[PDB]
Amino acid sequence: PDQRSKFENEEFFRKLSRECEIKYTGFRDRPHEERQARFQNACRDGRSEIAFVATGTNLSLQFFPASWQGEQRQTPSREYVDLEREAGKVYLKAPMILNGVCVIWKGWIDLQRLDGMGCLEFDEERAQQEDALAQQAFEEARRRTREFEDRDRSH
């Protein structure tokens, strides 16, 4: 895979850096004591959504309850959000394909401050798992030029 080289450069997927600080945006106007309860209950409630915003951007990793939402090729797992591991923290896991690059995102949030950090990881297994090797056909269409290919018409 040539995707491993495209991971080495910095910010291969725009607005997202290889390491980044994340916050829990949501109920920004309400008091902090209420926010700590809103975020804690949201991870536990069965049909609640939690999202984390990369600071300085409007880009967010959205975590959905699988029983209330689905997507084309995203596969539900029970361990992507883990609280009861460490008291006061919450760890996060996110496999996804960004610009044809299979990545794994790992991070954490402090329960009292609602702040955190995280960085990306390469998933060379998913690159092998993805069939027809259309990711190299995808990269072809991304480097193609259309600027002078259409045939002119004079009528």
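The first residue of the shown sequence is 1; numbering continues from there.
The stretch with the higher mean CA B factor, choosing between 123-131 and 105-113, is 123-131.
Per the PDB record, of the two stretches 83-91 and 60-68, 83-91 carries the greater mean B-factor over its C-alpha atoms.
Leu16 sits in the lowest third of its chain by CA B factor, as recorded in the PDB entry. When the modelled residues of the chain are ordered by C-alpha B-factor, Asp29 sits in the highest third. In the PDB entry, a CA B factor belonging to the highest third of its chain's modelled residues is recorded for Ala137.
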